[PDB]
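Structure first, then comments.
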Protein chains: 6
Amino acid sequence: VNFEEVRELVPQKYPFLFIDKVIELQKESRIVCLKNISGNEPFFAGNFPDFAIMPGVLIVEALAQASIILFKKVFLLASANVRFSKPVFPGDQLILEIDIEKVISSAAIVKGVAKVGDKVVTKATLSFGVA
Amino acid sequence: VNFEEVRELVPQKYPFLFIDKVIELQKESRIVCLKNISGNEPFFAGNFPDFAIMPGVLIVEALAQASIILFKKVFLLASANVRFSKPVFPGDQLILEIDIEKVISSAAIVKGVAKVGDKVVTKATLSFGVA
Amino acid sequence: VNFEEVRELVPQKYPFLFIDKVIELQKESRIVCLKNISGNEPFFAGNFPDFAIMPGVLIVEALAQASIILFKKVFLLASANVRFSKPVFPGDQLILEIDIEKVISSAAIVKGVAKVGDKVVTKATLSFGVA
Amino acid sequence: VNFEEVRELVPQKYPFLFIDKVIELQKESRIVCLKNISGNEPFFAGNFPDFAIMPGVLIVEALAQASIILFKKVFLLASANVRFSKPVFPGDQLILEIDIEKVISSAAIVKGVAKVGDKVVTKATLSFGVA
Amino acid sequence: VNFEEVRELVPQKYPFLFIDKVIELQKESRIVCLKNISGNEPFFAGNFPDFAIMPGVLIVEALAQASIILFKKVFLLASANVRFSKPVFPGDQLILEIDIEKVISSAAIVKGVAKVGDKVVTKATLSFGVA
Amino acid sequence: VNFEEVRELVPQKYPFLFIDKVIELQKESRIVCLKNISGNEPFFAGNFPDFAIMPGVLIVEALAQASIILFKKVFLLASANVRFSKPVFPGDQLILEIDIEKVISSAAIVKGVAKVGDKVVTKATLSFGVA
């Protein structure tokens, strides 16, 4: 899955698109997404202008958009249980791993793991409604 | 506390500032913040261009920035346990209520409630580290 | 009239859309519009970075876009006679009241009143051509 | 007066700076300003995406910022009486002519004329307060 | 050729559109383009905030987009041999002169000359592929 | 060299900063820079909205900013001889290799090679003046 297929499946767009490409797919099982962290992104201007750090809530959004890609292969975040372990900086390559716990007809609960290299930077349990 | 005092205490800035003014303060107890939701904000262009809805993760950030105001009256989100109850639209006036559970020397855990009018739209438990 | 109906009737869009919702309608008589003033709007960065104040000309544009909503329920500002009474700040809720003086086949002249709470911040007489 | 002296005297900045250079100066008498109209300006995206036309209220702001340059050689628009004669498009070179009617200790009233080539596109009478 | 015909022929758009209008056309021979340089363009914020100078690579892009207009009257820059002679500032009117050396079925090589007034600011030889 | 040292040495800033971190340094010999290509960068909206491709001239700017880092360890692009070999897409990791040919007191000529993985995407010879 390339970038044109990302913009098609992810309902968000610039400046709120936080998926760059698709690394590994396993329909109804696991997805591994990739987002490049660049200092030329607009939110780096506004989140701590003294020193560039990626906001933790945007990592949660990146995990949510990756989960949506797994689903469509109208979802909406119903809940999030997140721990922010380590910071992400410009130049980092954020790996987004999504594992489905199990899916019902109107809801889905997933495991979210964000990594830079092999260091875990964010773990999350996300639930989605339908509208 | 006015807007010039908001930009001073909130380390974020545009386009990632999500506090407009300060409604009610109770140092080391409760804060009630206000953020205006306007269709002229940049994220509305990118989050569902078909229909404007405020991303849930940005409400979590608004609750986090309001908690930071309560604290400074270097914090960093360590965890978040959030349920997104109802959507927020352009024209809504987001009320952000923060209640401290209790604070230790190096961490803080708060209750977060986001409201439009009196309908609760987001409830959250947030924890903060120090760096 | 909701926000999706606002973007449909107002020919402007981001970052030059200055109407959030529709409070009161009286076709061919009066309209009462609402615009939320938020510090996260792009023009606040550039208009006096030392202290956030909403430019007066953007209030005139908000009154003009509200008048256009009243009309379509191709107009173009032909003239404006405005007095700027008091400033508007982030967090303010701008009320836009438009009263038609009377409409001819090719022109319209309206009364424009911008309010925060009940304090009048801007009064204007606007005329529109057709193209 | 060059562009670095423009940003110094004009309290506005990007994306609300509407003066590019200074053509002719006559302290306490007349100023002739220049603003380049380019399709790469942010407001052209949002004002009529079907066809690029410069909003009339931004011409009023350009005339106001030019008047401020004449003054400082804390002003704030108190009133504006404007007629919008003809449209301005990307590629146009907007000439801004300001003539002081006369100045008192706490207020100033000026004549504003915006031109492209020699066609008058906007005439205005502006008044300024002090704060 | 007006601005609506520019956006139609130039595949780029905001904030990467660097052609404002069309001054002189000679199909399969010469084109003379116009781009207004304004301090209100987004790249002026980021290229030397101490003093506004237009990046040289954006002049090369303006010459490339002007060459594309000459062609379509799917091209892609294959090579560029450029010398940057003198700087361009806000308020300058950039003239872009393109002369075809000769065109084959799958490639084109042109002469590019950027001028402000009659001073040459950029000379370039550009080649284009097809995809 | 980290990102805070990049913003210090590179005179450009957002939205015209095209260096994320520093991989390998050899003062007065070679530098290897890194820029993450993300679909959330502003120029991707405007360069071919149908399909995201990084403009070739921005790769030249990335090579120029990397050369400036090598130098300061007031330069200005005097000339560029570039061949654009293969496209760069969102998600790519652009490697920027700069080799000094030799430096005189008032000018510098370098070899520029941009790579994604090990595929060469851009080769360039750049010369810099001083002001």
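Ordered as shown in the structure tokens, chains take letters A, B, and onward, while each chain numbers its residues from 1 and ligands are numbered from 1 in the order shown.
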Contact set, chain A to chain B: 7 Å, only C-alpha atoms, as number ranges by chain: A: 11-16, 43, 46-48, 57, 61, 77-85
Please produce an output containing N, CA, C and O atoms for each residue in the selection, written as a PDB file, in the first residue's frame.
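Generated output (out39.pdb):
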ATOM      1  N   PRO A  11      -9.348   9.057   6.249  1.00  0.00           N
ATOM      2  CA  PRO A  11     -10.248  10.190   5.973  1.00  0.00           C
ATOM      3  C   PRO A  11      -9.640  11.547   6.283  1.00  0.00           C
ATOM      4  O   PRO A  11     -10.106  12.551   5.727  1.00  0.00           O
ATOM      5  N   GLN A  12      -8.638  11.613   7.158  1.00  0.00           N
ATOM      6  CA  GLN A  12      -7.919  12.851   7.418  1.00  0.00           C
ATOM      7  C   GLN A  12      -7.063  13.242   6.215  1.00  0.00           C
ATOM      8  O   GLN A  12      -6.730  12.418   5.359  1.00  0.00           O
ATOM      9  N   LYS A  13      -6.690  14.523   6.168  1.00  0.00           N
ATOM     10  CA  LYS A  13      -5.740  15.026   5.184  1.00  0.00           C
ATOM     11  C   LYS A  13      -4.870  16.087   5.848  1.00  0.00           C
ATOM     12  O   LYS A  13      -4.991  16.359   7.047  1.00  0.00           O
ATOM     13  N   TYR A  14      -3.973  16.673   5.060  1.00  0.00           N
ATOM     14  CA  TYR A  14      -3.090  17.716   5.566  1.00  0.00           C
ATOM     15  C   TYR A  14      -3.913  18.855   6.160  1.00  0.00           C
ATOM     16  O   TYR A  14      -4.948  19.234   5.597  1.00  0.00           O
ATOM     17  N   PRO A  15      -3.481  19.442   7.292  1.00  0.00           N
ATOM     18  CA  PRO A  15      -2.256  19.108   8.028  1.00  0.00           C
ATOM     19  C   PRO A  15      -2.453  18.114   9.173  1.00  0.00           C
ATOM     20  O   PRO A  15      -1.764  18.221  10.187  1.00  0.00           O
ATOM     21  N   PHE A  16      -3.366  17.157   9.008  1.00  0.00           N
ATOM     22  CA  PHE A  16      -3.677  16.204  10.067  1.00  0.00           C
ATOM     23  C   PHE A  16      -3.561  14.764   9.579  1.00  0.00           C
ATOM     24  O   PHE A  16      -4.234  13.869  10.097  1.00  0.00           O
ATOM     25  N   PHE A  43       3.341  21.423  13.035  1.00  0.00           N
ATOM     26  CA  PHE A  43       3.144  21.395  14.480  1.00  0.00           C
ATOM     27  C   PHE A  43       4.445  21.587  15.252  1.00  0.00           C
ATOM     28  O   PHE A  43       4.398  21.914  16.442  1.00  0.00           O
ATOM     29  N   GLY A  46       4.830  25.168  16.600  1.00  0.00           N
ATOM     30  CA  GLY A  46       4.000  25.478  17.778  1.00  0.00           C
ATOM     31  C   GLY A  46       4.172  24.585  18.983  1.00  0.00           C
ATOM     32  O   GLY A  46       3.707  24.976  20.058  1.00  0.00           O
ATOM     33  N   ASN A  47       4.750  23.405  18.835  1.00  0.00           N
ATOM     34  CA  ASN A  47       4.901  22.625  20.085  1.00  0.00           C
ATOM     35  C   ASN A  47       6.330  22.787  20.591  1.00  0.00           C
ATOM     36  O   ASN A  47       7.209  22.089  20.090  1.00  0.00           O
ATOM     37  N   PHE A  48       6.470  23.619  21.622  1.00  0.00           N
ATOM     38  CA  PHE A  48       7.767  23.971  22.227  1.00  0.00           C
ATOM     39  C   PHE A  48       8.685  24.558  21.166  1.00  0.00           C
ATOM     40  O   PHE A  48       9.578  23.878  20.748  1.00  0.00           O
ATOM     41  N   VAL A  57      -0.125  13.396  21.822  1.00  0.00           N
ATOM     42  CA  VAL A  57      -1.473  13.155  21.312  1.00  0.00           C
ATOM     43  C   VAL A  57      -1.448  12.915  19.808  1.00  0.00           C
ATOM     44  O   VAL A  57      -2.327  12.229  19.273  1.00  0.00           O
ATOM     45  N   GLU A  61      -2.964   9.848  17.487  1.00  0.00           N
ATOM     46  CA  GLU A  61      -3.694  10.002  16.234  1.00  0.00           C
ATOM     47  C   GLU A  61      -3.068   9.165  15.126  1.00  0.00           C
ATOM     48  O   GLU A  61      -3.782   8.585  14.300  1.00  0.00           O
ATOM     49  N   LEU A  77     -12.730   7.328  16.988  1.00  0.00           N
ATOM     50  CA  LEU A  77     -12.152   7.020  18.292  1.00  0.00           C
ATOM     51  C   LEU A  77     -13.186   7.160  19.399  1.00  0.00           C
ATOM     52  O   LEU A  77     -13.733   8.245  19.621  1.00  0.00           O
ATOM     53  N   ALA A  78     -13.449   6.054  20.095  1.00  0.00           N
ATOM     54  CA  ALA A  78     -14.345   6.056  21.245  1.00  0.00           C
ATOM     55  C   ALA A  78     -13.610   6.164  22.571  1.00  0.00           C
ATOM     56  O   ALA A  78     -14.145   6.754  23.516  1.00  0.00           O
ATOM     57  N   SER A  79     -12.398   5.618  22.663  1.00  0.00           N
ATOM     58  CA  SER A  79     -11.615   5.692  23.888  1.00  0.00           C
ATOM     59  C   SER A  79     -10.151   5.439  23.563  1.00  0.00           C
ATOM     60  O   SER A  79      -9.815   4.880  22.515  1.00  0.00           O
ATOM     61  N   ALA A  80      -9.285   5.855  24.485  1.00  0.00           N
ATOM     62  CA  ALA A  80      -7.849   5.658  24.342  1.00  0.00           C
ATOM     63  C   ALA A  80      -7.221   5.544  25.723  1.00  0.00           C
ATOM     64  O   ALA A  80      -7.487   6.376  26.594  1.00  0.00           O
ATOM     65  N   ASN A  81      -6.397   4.515  25.916  1.00  0.00           N
ATOM     66  CA  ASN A  81      -5.641   4.296  27.148  1.00  0.00           C
ATOM     67  C   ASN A  81      -4.175   4.219  26.740  1.00  0.00           C
ATOM     68  O   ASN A  81      -3.723   3.201  26.207  1.00  0.00           O
ATOM     69  N   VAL A  82      -3.438   5.299  26.977  1.00  0.00           N
ATOM     70  CA  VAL A  82      -2.117   5.491  26.398  1.00  0.00           C
ATOM     71  C   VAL A  82      -1.108   5.764  27.504  1.00  0.00           C
ATOM     72  O   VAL A  82      -1.423   6.428  28.498  1.00  0.00           O
ATOM     73  N   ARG A  83       0.104   5.244  27.332  1.00  0.00           N
ATOM     74  CA  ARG A  83       1.257   5.637  28.127  1.00  0.00           C
ATOM     75  C   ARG A  83       2.341   6.129  27.183  1.00  0.00           C
ATOM     76  O   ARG A  83       2.711   5.427  26.236  1.00  0.00           O
ATOM     77  N   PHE A  84       2.835   7.338  27.428  1.00  0.00           N
ATOM     78  CA  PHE A  84       3.890   7.926  26.610  1.00  0.00           C
ATOM     79  C   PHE A  84       5.227   7.627  27.277  1.00  0.00           C
ATOM     80  O   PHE A  84       5.533   8.168  28.345  1.00  0.00           O
ATOM     81  N   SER A  85       6.020   6.760  26.647  1.00  0.00           N
ATOM     82  CA  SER A  85       7.237   6.241  27.256  1.00  0.00           C
ATOM     83  C   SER A  85       8.457   7.120  26.990  1.00  0.00           C
ATOM     84  O   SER A  85       9.153   7.509  27.933  1.00  0.00           O
TER      85      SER A  85
END
DSSP alpha helix (DSSP H) residues within chain C, as a ChimeraX atom specification: /C:3-9,43-46,56-71
Output file for the residues above (N, CA, C and O atoms, as a JSON list (two decimals), in the first residue's frame):
[["chain", "number", "residue", "atom", "x", "y", "z"],
["C", 3, "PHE", "N", -22.94, 24.27, 10.16],
["C", 3, "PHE", "CA", -21.67, 24.69, 9.57],
["C", 3, "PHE", "C", -21.52, 24.19, 8.14],
["C", 3, "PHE", "O", -20.95, 24.89, 7.29],
["C", 4, "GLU", "N", -22.03, 22.99, 7.84],
["C", 4, "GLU", "CA", -21.97, 22.50, 6.47],
["C", 4, "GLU", "C", -22.80, 23.36, 5.53],
["C", 4, "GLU", "O", -22.43, 23.54, 4.36],
["C", 5, "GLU", "N", -23.90, 23.92, 6.03],
["C", 5, "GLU", "CA", -24.68, 24.87, 5.25],
["C", 5, "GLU", "C", -24.03, 26.25, 5.20],
["C", 5, "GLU", "O", -24.36, 27.04, 4.31],
["C", 6, "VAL", "N", -23.12, 26.54, 6.12],
["C", 6, "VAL", "CA", -22.39, 27.81, 6.08],
["C", 6, "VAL", "C", -21.36, 27.78, 4.96],
["C", 6, "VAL", "O", -21.30, 28.69, 4.13],
["C", 7, "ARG", "N", -20.53, 26.73, 4.93],
["C", 7, "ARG", "CA", -19.53, 26.60, 3.87],
["C", 7, "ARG", "C", -20.18, 26.53, 2.49],
["C", 7, "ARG", "O", -19.56, 26.89, 1.49],
["C", 8, "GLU", "N", -21.43, 26.06, 2.42],
["C", 8, "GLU", "CA", -22.11, 25.96, 1.14],
["C", 8, "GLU", "C", -22.55, 27.33, 0.64],
["C", 8, "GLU", "O", -22.39, 27.64, -0.55],
["C", 9, "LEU", "N", -23.09, 28.16, 1.53],
["C", 9, "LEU", "CA", -23.59, 29.47, 1.16],
["C", 9, "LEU", "C", -22.51, 30.54, 1.12],
["C", 9, "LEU", "O", -22.60, 31.47, 0.31],
["C", 43, "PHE", "N", -4.47, 34.43, 11.63],
["C", 43, "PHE", "CA", -4.21, 35.87, 11.59],
["C", 43, "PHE", "C", -3.73, 36.42, 12.93],
["C", 43, "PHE", "O", -3.17, 37.51, 12.96],
["C", 44, "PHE", "N", -3.95, 35.68, 14.03],
["C", 44, "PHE", "CA", -3.50, 36.16, 15.33],
["C", 44, "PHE", "C", -1.98, 36.11, 15.46],
["C", 44, "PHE", "O", -1.40, 36.91, 16.20],
["C", 45, "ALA", "N", -1.38, 35.25, 14.65],
["C", 45, "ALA", "CA", 0.08, 35.17, 14.67],
["C", 45, "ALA", "C", 0.64, 36.48, 14.12],
["C", 45, "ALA", "O", 1.51, 37.03, 14.75],
["C", 46, "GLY", "N", 0.07, 36.96, 13.01],
["C", 46, "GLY", "CA", 0.54, 38.15, 12.27],
["C", 46, "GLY", "C", -0.05, 39.48, 12.68],
["C", 46, "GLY", "O", 0.51, 40.50, 12.28],
["C", 56, "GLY", "N", -9.72, 44.91, 12.69],
["C", 56, "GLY", "CA", -11.05, 45.43, 12.46],
["C", 56, "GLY", "C", -11.61, 45.08, 11.10],
["C", 56, "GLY", "O", -12.81, 44.88, 10.95],
["C", 57, "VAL", "N", -10.75, 45.01, 10.08],
["C", 57, "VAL", "CA", -11.22, 44.73, 8.73],
["C", 57, "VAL", "C", -11.77, 43.31, 8.63],
["C", 57, "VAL", "O", -12.64, 43.04, 7.79],
["C", 58, "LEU", "N", -11.30, 42.40, 9.48],
["C", 58, "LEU", "CA", -11.83, 41.04, 9.45],
["C", 58, "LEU", "C", -13.21, 40.96, 10.09],
["C", 58, "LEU", "O", -13.99, 40.07, 9.76],
["C", 59, "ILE", "N", -13.52, 41.89, 11.00],
["C", 59, "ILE", "CA", -14.88, 41.99, 11.50],
["C", 59, "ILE", "C", -15.82, 42.47, 10.40],
["C", 59, "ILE", "O", -16.96, 42.01, 10.29],
["C", 60, "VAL", "N", -15.35, 43.41, 9.58],
["C", 60, "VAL", "CA", -16.14, 43.87, 8.44],
["C", 60, "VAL", "C", -16.40, 42.72, 7.48],
["C", 60, "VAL", "O", -17.50, 42.59, 6.92],
["C", 61, "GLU", "N", -15.40, 41.86, 7.27],
["C", 61, "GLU", "CA", -15.58, 40.70, 6.40],
["C", 61, "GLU", "C", -16.57, 39.72, 7.01],
["C", 61, "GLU", "O", -17.38, 39.12, 6.29],
["C", 62, "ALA", "N", -16.52, 39.53, 8.33],
["C", 62, "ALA", "CA", -17.48, 38.66, 8.99],
["C", 62, "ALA", "C", -18.90, 39.19, 8.83],
["C", 62, "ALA", "O", -19.84, 38.42, 8.61],
["C", 63, "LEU", "N", -19.07, 40.51, 8.94],
["C", 63, "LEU", "CA", -20.39, 41.10, 8.72],
["C", 63, "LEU", "C", -20.82, 40.95, 7.27],
["C", 63, "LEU", "O", -22.01, 40.75, 6.98],
["C", 64, "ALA", "N", -19.87, 41.02, 6.34],
["C", 64, "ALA", "CA", -20.21, 40.88, 4.92],
["C", 64, "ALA", "C", -20.62, 39.45, 4.59],
["C", 64, "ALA", "O", -21.58, 39.24, 3.84],
["C", 65, "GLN", "N", -19.90, 38.47, 5.13],
["C", 65, "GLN", "CA", -20.25, 37.08, 4.87],
["C", 65, "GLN", "C", -21.58, 36.71, 5.51],
["C", 65, "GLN", "O", -22.32, 35.89, 4.97],
["C", 66, "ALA", "N", -21.91, 37.32, 6.66],
["C", 66, "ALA", "CA", -23.21, 37.09, 7.27],
["C", 66, "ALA", "C", -24.32, 37.70, 6.42],
["C", 66, "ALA", "O", -25.40, 37.11, 6.30],
["C", 67, "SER", "N", -24.08, 38.87, 5.84],
["C", 67, "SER", "CA", -25.06, 39.48, 4.95],
["C", 67, "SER", "C", -25.29, 38.62, 3.72],
["C", 67, "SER", "O", -26.42, 38.50, 3.23],
["C", 68, "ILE", "N", -24.22, 38.01, 3.19],
["C", 68, "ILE", "CA", -24.35, 37.14, 2.03],
["C", 68, "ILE", "C", -25.24, 35.94, 2.36],
["C", 68, "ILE", "O", -26.05, 35.51, 1.53],
["C", 69, "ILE", "N", -25.11, 35.40, 3.57],
["C", 69, "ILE", "CA", -25.97, 34.30, 4.00],
["C", 69, "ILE", "C", -27.43, 34.73, 3.99],
["C", 69, "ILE", "O", -28.31, 33.98, 3.55],
["C", 70, "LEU", "N", -27.71, 35.95, 4.46],
["C", 70, "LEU", "CA", -29.08, 36.46, 4.45],
["C", 70, "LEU", "C", -29.60, 36.59, 3.02],
["C", 70, "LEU", "O", -30.79, 36.37, 2.77],
["C", 71, "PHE", "N", -28.73, 36.97, 2.09],
["C", 71, "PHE", "CA", -29.14, 37.18, 0.71],
["C", 71, "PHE", "C", -29.52, 35.86, 0.05],
["C", 71, "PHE", "O", -30.60, 35.73, -0.54]]
Could you pull the residues within 8 Å of residue 100 (chain C), counting only C-alpha atoms, minus those fewer than 5 positions along the same chain, as a compact mmCIF listing (two decimals) with N, CA, C and O atoms, in the first residue's frame?
# COMPACT_ATOMS: atom_id res chain seq x y z
N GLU C 28 -35.24 38.00 4.30
CA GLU C 28 -35.51 39.34 3.72
C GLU C 28 -35.74 40.40 4.80
O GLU C 28 -36.04 41.52 4.42
N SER C 29 -35.37 40.06 6.04
CA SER C 29 -35.48 40.97 7.21
C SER C 29 -34.19 41.06 8.05
O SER C 29 -33.58 42.13 8.06
N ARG C 30 -33.58 40.38 8.76
CA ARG C 30 -32.58 40.28 9.86
C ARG C 30 -31.87 38.93 9.83
O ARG C 30 -32.39 38.04 9.21
N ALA C 108 -27.96 45.85 -2.68
CA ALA C 108 -28.51 45.67 -1.34
C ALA C 108 -27.70 46.50 -0.36
O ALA C 108 -26.47 46.58 -0.46
N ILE C 109 -28.39 47.13 0.59
CA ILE C 109 -27.77 47.94 1.64
C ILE C 109 -28.27 47.42 2.98
O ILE C 109 -29.48 47.27 3.18
N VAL C 110 -27.34 47.15 3.90
CA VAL C 110 -27.67 46.49 5.15
C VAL C 110 -27.07 47.26 6.32
O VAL C 110 -26.15 48.07 6.17
N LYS C 111 -27.61 46.99 7.50
CA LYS C 111 -27.05 47.46 8.76
C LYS C 111 -26.28 46.32 9.41
O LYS C 111 -26.80 45.21 9.53
Non-local contacts of residue 116 (chain B) (9 Å; only C-alpha atoms; under 2 positions in same chain excluded) as a PyMOL selection string: chain B and resi 88+92-95+114+118-121
Write the residues of the preceding selection, restricted to C-alpha atoms, as a PDB file, in the first residue's frame.
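Result file follows (part-v8.pdb):
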ATOM      1  CA  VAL B  88     -17.404  18.938  18.928  1.00  0.00           C
ATOM      2  CA  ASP B  92     -18.903  25.136  20.030  1.00  0.00           C
ATOM      3  CA  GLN B  93     -17.409  26.613  23.203  1.00  0.00           C
ATOM      4  CA  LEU B  94     -15.285  23.919  24.841  1.00  0.00           C
ATOM      5  CA  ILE B  95     -15.184  24.081  28.642  1.00  0.00           C
ATOM      6  CA  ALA B 114     -14.504  18.673  28.521  1.00  0.00           C
ATOM      7  CA  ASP B 118     -23.434  21.169  30.139  1.00  0.00           C
ATOM      8  CA  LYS B 119     -23.111  18.087  27.915  1.00  0.00           C
ATOM      9  CA  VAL B 120     -19.933  16.185  28.731  1.00  0.00           C
ATOM     10  CA  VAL B 121     -18.015  15.500  25.532  1.00  0.00           C
TER      11      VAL B 121
END
Length of the CA of residue 41 (chain B) to CA of residue 33 (chain C) vector [Å]: 17.9 Å
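Here CA of residue 26 (chain F) and CA of residue 2 (chain F) stand 15.6 Å from one another.
CA of residue 20 (chain B) is found 11.4 Å from CA of residue 32 (chain B).
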